[PDB]
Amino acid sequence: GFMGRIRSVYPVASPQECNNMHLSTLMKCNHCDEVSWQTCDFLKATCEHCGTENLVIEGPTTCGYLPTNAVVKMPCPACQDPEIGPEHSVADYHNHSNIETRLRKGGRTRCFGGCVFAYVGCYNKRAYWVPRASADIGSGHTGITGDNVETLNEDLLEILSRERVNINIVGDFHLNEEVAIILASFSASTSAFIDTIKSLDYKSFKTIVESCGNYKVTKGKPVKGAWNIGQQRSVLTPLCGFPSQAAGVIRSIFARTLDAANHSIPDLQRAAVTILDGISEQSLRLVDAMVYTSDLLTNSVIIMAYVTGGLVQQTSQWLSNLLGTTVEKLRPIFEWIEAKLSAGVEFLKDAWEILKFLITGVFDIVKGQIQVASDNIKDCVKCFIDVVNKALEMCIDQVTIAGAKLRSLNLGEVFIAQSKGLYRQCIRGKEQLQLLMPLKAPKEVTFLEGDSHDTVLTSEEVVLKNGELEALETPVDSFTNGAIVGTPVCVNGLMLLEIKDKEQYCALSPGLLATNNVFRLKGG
């Protein structure tokens, strides 16, 4: 506010070095009829569910952890009104502030959740108040003041009066709301928090929380007498009353409630977008960082609706990247997804789970079909994978390399899919190739490009041979756990790596490494 008065409070050079406090009262919201801790100033509170501004009514209140250079900013009626204006006297503020005050020996004060606030001045038509006295139940928390407060107050006390508060992750470590708002408590801007929240894991959560706080972080699954992080606890609780801006965004995002009603998912998505943008210009990028890079667990409708809308584009991207081609022949997959997204809330959590598979799922491509690696694949995901595999099976045909017929996959580029991996049929000419070619044989040698196991090359003598070919389903690692070593052979015009005692041969790649497709010679 006025620089001289603020500097008598804090060793502060500019009003912007002052940190806003988190104030909240437990009260019902007329619009949503729910009783929730609502963020507020001295007179107005906002529902974190409804998002509607309300008038503070008597109830338990708290100021949360007190930050450095703490202030409570409020719109100034006097500064806003045209007649009185930005220049006004301390007592003229108090007349139109419509904030009832108690007169102490130091001057007018106002109390809130165990802090006594004093008015320093207006600045940019906003009043600044500072806490002249502030309780501490430990870790800077101001405690709760109200009628049935001790039950909650005693829990808070046991976690917080410790020199080092103990964070205990009870199960497996996962990004949920409580973890997010604890990390957010350390970030001076929402933008900064975005970068820190990426690729989060127990170690990084441990190093960050411990470096920047009086915390000790334990992953003992068995719970202790301190702050236990299990699952599904709201960030709308005084223990999570951190005052920073990022924490404020995270608390709002995870508290909004959108009624899915009979709306389709792309409708809820458009609704989600506007709700999220009003919270913060960074919130879309914040949720994206949390969902796509740190495996956020939540049941929030807004967060789920924001990311799962679209979905076809995210699915096409996922498909194009692992098939290495355009996926417009796979049209059936996208119609199905459009259809299920139109169902609305019914499909919402299945959309959520499909998305998470696209991001972190573990599979291989075998005989032109996706094969997942885990049997805890959810029922909604098994159904989705079988939608995809049925679309691929429409694109399956037969290519015949000279000597044998091999399973094809016509996807705007023909791929070979007899075995694990998708193989291009790139032919490079013997001209200039590293290994010397007898040129006895036609220069119709074929390579096949794709996933390649490391190879050792005993001798570079090339050995032509002929006879008919057999296509074999067997994987190379099944017969070769160790790196495969061999001397090249060309049968009818493509390099098949060979070891003589084994009756099997494997195809070669540009760069001369071995591949999964494997063949044998007629009659063994």
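For every residue, the number given is its place in the sequence shown, counted from 1.
Legend: mean Cα B-factor per stretch from the PDB entry, 98 to 106 versus 148 to 156; the higher mean is in 148 to 156.
When 180 to 188 is weighed against 395 to 403, 395 to 403 comes out higher, by mean CA B-factor as recorded in the entry.
Of all the options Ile427, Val235, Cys212, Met74, the entry's greatest CA B-factor is assigned to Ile427. The maximum CA B-factor among the listed residues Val287, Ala441, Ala133, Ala339, taken from the PDB record, is found at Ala441. Ranked against the other modelled residues of its chain, the C-alpha B-factor of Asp375 as given in the entry falls in the highest third. Ranked by Cα temperature factor within the chain, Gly225 sits in the middle third according to the deposited record. In the deposited entry, the Cα temperature factor of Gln317 sits in the middle third of values across the chain's modelled residues. Annotation for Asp195: CA B-factor lies in the lowest third of the chain's modelled residues. In the deposited entry, the Cα temperature factor of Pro82 sits in the top third of values across the chain's modelled residues.
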